[PDB]
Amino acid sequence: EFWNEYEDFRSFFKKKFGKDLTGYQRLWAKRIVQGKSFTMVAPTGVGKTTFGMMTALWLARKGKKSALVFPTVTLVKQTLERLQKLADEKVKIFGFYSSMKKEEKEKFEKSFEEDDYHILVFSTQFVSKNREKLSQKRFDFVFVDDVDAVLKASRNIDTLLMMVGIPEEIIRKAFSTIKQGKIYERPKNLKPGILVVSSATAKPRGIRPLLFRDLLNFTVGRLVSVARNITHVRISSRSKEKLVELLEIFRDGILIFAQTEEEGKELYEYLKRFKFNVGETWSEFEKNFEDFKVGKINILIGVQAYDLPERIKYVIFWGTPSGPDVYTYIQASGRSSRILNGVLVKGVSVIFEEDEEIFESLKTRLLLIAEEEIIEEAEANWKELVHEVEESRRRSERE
């Protein structure tokens, strides 16, 4: 599935270029197989340009289109030259530079408007002067040789992002959101091209990288998503009464995770007895799950080891996931907090746990991994928590 593709590329490179992939070119190639956008940081000599060129070539096999962008006229000539000696004559490769032959230009220009091309090669000045025409193209791959040159104009950053299939409205909405110091999430139904930039110095400025990581399927930065706004509260008992009190104020959108299917059956019965609008996962998943998603049901009990942030507000753990399996705790609790319509909605997770040792393990681990704290019942401002939950959600639905 994924390794096969990488190797196909591996072989192709070896064959066409004449040598092996370098350590760096191998790391990069895997990325480009998982369709990841990235920033090339590496000292000059490693194999960046050659790789960007060979990538273009390989993608042109799948009929995919590329654009290669260099800071200087010499690099445009050089790369153009190499590319035309290396290509199967079937591959349509056009380049452009001011000092070009009038005949060669028109050839470019003709192919550029007819979209009869696979690989285009030009300079940062072409990008500056053809913002309109370029913005109307979707490329499967865009390689920018020295990004510090073209980063100079914010206008050009936009164009690049547009050349990979990202509509201006989305760039405007992302930039704006970042302006307000909030989180942007790219729409996952949009499948933009790959953007790879070479940075000579891993330059400082904060905005380009943010815009990029937000809009492009970038290399993963963090192990725990910044999109978590959750308070963890621990009650040191398995009291059903105490659970009932929490239910009484939580009221809606509640997930309960039992350690076993029996433990979850005992609770279900107890909550059905006290006439709570409840449902379980085991007997009839899809019916209950959709009643919960609708509103018909307020509480969904389930079992650890197995709907919508709109819907999930409160997560309750009837016993700590055994391990503690912190990974599962983190995923589950993370259900109660998700960016919704541009808003990082509020969530609350409560753990019923008698065992001090178990809970001490989960607690220290969670602080080490998520950097998130687990407070005791008595530190908990239920009124503020519930309010945060309701109001955060109420902002989201303003759309």
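Residues carry their position along the shown sequence, with the first being 1.
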Checklist entry - Can you tell me which stretch has the higher mean Cα B-factor, 294-302 or 203-211? => result 203-211
Item to check | Average Cα temperature factor in the PDB entry - higher stretch of 314-322, 262-270 | outcome: 262-270
Checklist outcome for this item: Based on the PDB entry, the highest CA temperature factor among the options 40, 374, 29, 370 is that of 40
Checklist entry - Reading the B-factor column of the entry, which of 187, 95, 165, 181 has the highest value at its C-alpha atom? => result 181
Checklist entry - Lowest, middle or highest third: where is residue 280 by Cα B-factor in its chain? => result highest
Next on the checklist: Based on the deposited C-alpha B factors for this chain, I'd like to know if residue 75 is in the lowest, middle or highest third.
Outcome noted: middle
Item to check | B-factor third for the C-alpha atom of residue 387 within its chain | outcome: lowest
Checklist entry - When the modelled residues of the chain are sorted by Cα temperature factor, does residue 216 land in the lowest, middle or highest third? => result middle
Next on the checklist: Split into thirds by Cα B-factor across the chain's modelled residues, where does residue 308 land: lowest, middle or highest?
Outcome noted: highest
